[PDB]
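Chemist: can you look at this? It's an experimental structure, sequence on top.
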Amino acid sequence: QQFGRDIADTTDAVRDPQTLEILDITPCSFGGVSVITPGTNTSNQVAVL
Amino acid sequence: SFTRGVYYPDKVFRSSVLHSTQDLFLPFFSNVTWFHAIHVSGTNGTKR
Ligand SMILES: *[C@@H]1O[C@H](CO)[C@@H](O)[C@H](O)[C@H]1NC(C)=O
């Protein structure tokens, strides 16, 4: 087997074509950016999540 | 042929999952030939 797959038919494991070893693949960290604001009418300091 | 002929259709590893593949397969409980090519029968036998 050249590589691997998961339930959703997406790559989850691959073999180095040169050397025979198994390494799993996961997406690098990503997510949403949420801004915590008390309101422009009240202040301008905010916290980002 | 009761239940044989199942082969890996791709070079992808899967585990703890059921995958449906549409590919040339031997039907389950199919009918396969039974060629012998050496029929040793008779009082002294033969090599048909
Ligand atoms: C391919 O080459 C590398 C270095 O040139 C070597 O370490 C590796 O074992 C080779 N792959 C083989 C022999 O399958």
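Modeler: Okay, I see it. Residues are numbered from 1 along each chain as shown, chains lettered A, B, ... in the order given.
Chemist: give me the residues contacting stretch A:36-49.
Modeler: The contact list for stretch A:36-49 (Cβ atoms under 8 Å, 6 or more residues apart in numbering or on different chains) reads A:33-35. Every residue, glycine included, has its C-beta placed from N, CA and C.
Chemist: restrict those to those near chain B?
Modeler: Counting by Cβ under 8 Å from any Cβ of the partner chain, nothing from these sits close to chain B.
Chemist: quick one: which helix or strand includes the residue of chain B positioned farthest from its centre?
Modeler: Each residue of chain B has a distance to the centre, and by Cα atoms, centre = their mean the biggest one is for residue B:43: 33.7 Å. Following DSSP states H and E, there is no helix or strand that holds residue B:43.
Chemist: ok, it - contacts?
Modeler: Residue B:43 touches nothing, counting by Cβ under 8 Å, 6+ apart.
Chemist: and if you look at residue B:5?
Modeler: Going by Cβ under 8 Å, 6+ apart, residue B:5 touches B:25-26, B:30.
Chemist: try it again with 10 Å
Modeler: B:24-28, B:30, B:32 (Cβ atoms under 10 Å, 6 or more residues apart in numbering or on different chains).
Chemist: cool, and residue B:17?
Modeler: A:5-9.
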